[PDB]
Every structure is written in structure tokens, then in C-alpha cells.
């Protein structure tokens, strides 16, 4: 999409006022999405971790890698979103549901940076998909997503709000691996 404005870029970097946060519809995440965890597993994220580790004098390669290892770990390799339905692929198995939007929650991290979780819930008694999901993607108002983090669970939304360490990360499926690493190198 368009280059971000200064304000949007500050928002993407966790600086924004709560009054500027707006609701978003599920279609912002429409598409087919690939988990980045297999890139980590195959060693393809080594140069990202090397770059980050070289830049940060306070962190070693291992600490950076462990951080993203804990972050990206998931068995959900693919997520498809269309027509109000989210479908989750785990090995050869699929689940799906027509998710109902439930608003957003603004979180403040220890650093004082902030982030917005967009909440959805599955109320279809026949579905085996996660009852609760939350999207977080460095965007606080309607805009098609470039990559997203998703929190998935069956217990409560607060349970997912409490999750800070694991944030399964998804990029558009149409991107080649080189393209994904290229984007990651710039973050």
C-alpha cells in the first residue's frame, strides 16, 4: 500500500493516542497467509538474526534467536481468510469458522510502547476452530494488513491479552521466501 505517513509510522512503532484507534473489519486480513516459523526452522532467518544481533550491543545472536523462536512457534502453517470465514491449516487438517467481531483492546507494553489487538469470537457450536482469536499487525485503523500476528485460544479473550511471548506470524502466501526475508531484514 501507500508509504506510511509520519503519524501512521509512529503508530506502527507503538506511539499513538487511544482516541486515534479505530475499529477494523475482518476483510483487512482477507487473503491466504503463510506462517514464518518454517523459515526459522530451515535456517533462512539466520541473516535477520545476525543483522539484529550485530545492531544491538545489548543482545547476542542466541538471545535474539530464542526470542523469535518463542515468538514464531506454531503448528498452524497456513491461514485462509475470505467471506468472513477464517480457516486454519494444521498438517493435513483444517478447521474454520465465521468469526464475529468483538472490538479492539489497547495494550501498553513494559517499554511504554502500545499495541492494538482486534478481537473476534466463534459462536458456531459446530466449529472446531479456536473460540477466540486476536489480530495484531502494527496498524490501528482500517488498512489492508502486510503481515499479522495472531493469538488463538479457547478459554477467554483476557487469556490471549495476557499472552506476550508467542505471537505466530503470517505473511502473504504469494510472497516467495526471499521476498519474506527481504521484508523482515528491513524491520
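We call the rigid core the largest set of C-alpha positions that still match within 1.5 Å between the two forms. Numbering follows the first chain given and starts at 1.
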| item | value |
| --- | --- |
| Farther-lying stretch by C-alpha RMS in 6 other deposited structures of this protein, rigid core as reference, of 143-151 and 47-55 | 47-55 |
| Of 59-67 and 131-139, which departs more from this form in 6 other deposited structures of this protein by CA RMS after core fitting | 59-67 |
| 67-75 set against 95-103, stretch whose average Cα temperature factor tops the other in the entry | 95-103 |
| 148-156 or 56-64, whichever carries the higher mean Cα B-factor | 56-64 |
| Options 31, 142, 130, 43 - largest CA temperature factor per the record | 43 |
| Member of 114, 89, 110, 117 with the greatest C-alpha B factor (per the PDB record) | 110 |
| Residue 136 by Cα B-factor - lowest, middle or highest third of the modelled chain | lowest |
| Assigned third (lowest, middle, highest) for the C-alpha B factor of residue 173 | middle |
| Third assignment of residue 35 from its chain's C-alpha B-factors | lowest |
